[PDB]
């Protein structure tokens, strides 16, 4: 939907509640894990996102019978007839690579297009392939496809990630679940989407120790069954809507969430001067009509400050008091929103992966262009506080990760319209 734009009038102090959807970043590996199920499997709390639809399409293309209605995906792998992920879908989304592990582990074969570039500057998939080789996979990468094979089951092995990789951890965890023997996975990602995947695998019959730690110990089983599972709440969507309160001086309650998924972010909101109240499954941020204090942060793997909140908190800092330091350590090209925020009057100075934001009293509306998922939400935040009417082009990126975004913001009083 390359032509869609948002038209936003800034200046409304946002107030109300938002129901948080299932995590985009958990839905994708959980969908891939359905390939492992030997009886029908149902996922609920699934957000209606572009990436979800792409992976549902990919899985259907394997021959799996699959339905996606409302927030619910049902899949029956009895009809699966191939292990092929085509270029046309994989170029749409790197996360399509998450089918590699389960296809290989269950069927002994997988052919998946080699991912190309990621707009925000990603590492190649080398670590995913190395991990699978540690379990006995033979991997050829040629004519633009990864060809992975194994005779019989993968074999339990010793996997160690040289750098933290969320997707590599997911891929190998799925593969190890059906391997013959015990697999150790060291330097595993601790992101809670890993834990959510592990819990669903356990519900399906897997044997996994070390949840929420950097060392996962998997005892492979012969087969996994279907189950019903609800996707964990989206911690990034949660932080994003709380940031909408922070930037506008308002008060937003996010329901159907879990503050334990985003403690580092909540701490930063408190440092801004916000009053953060919470319960077991809800959070409220009240900025009390105050200008937030600018807060420094360094993106790092969970449980530290998440890269997927960086652009959004940078936007809040743009109108914050004082100045703040930002360091992106996870991605190589995740400051694409900076020149766009600068068009709206922000004072941001960058050198490589380090940025310094000097907060300004007011932003001014100007036409801007979204470059990636979280950048699009960063520009929405800026537009919500800016003086005047901002047009944001290429807003399609937002649909990869924020369902019903216009509706959710309108419910808080936002003057926002999608033209498409």
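Residue numbers count along the first chain shown, from 1.
Looking at mean Cα B-factors across 46-54 and 65-73, the upper value is held by 65-73.
If you average the C-alpha B-factors over 282-290 and over 99-107, the higher value belongs to 282-290. Highest CA B-factor among the listed residues (207, 153, 203, 235): 153. Residue-level inspection of the entry shows that, of 144, 117, 303, 239, 117 has the top Cα B-factor.
Residue 399: CA B factor in the lowest third of modelled residues in this chain (values from the PDB entry). Among the modelled residues of its chain, residue 35 has a C-alpha B-factor that falls in the lowest third according to the deposited record.
Residue-level temperature factors show residue 385 in the highest third of its chain, judged at the C-alpha atom.
Looking at the C-alpha B-factors along this chain, the one for residue 86 belongs to the middle third.
Among all modelled residues in this chain, the alpha-carbon of residue 353 has a temperature factor (C-alpha) in the middle third.
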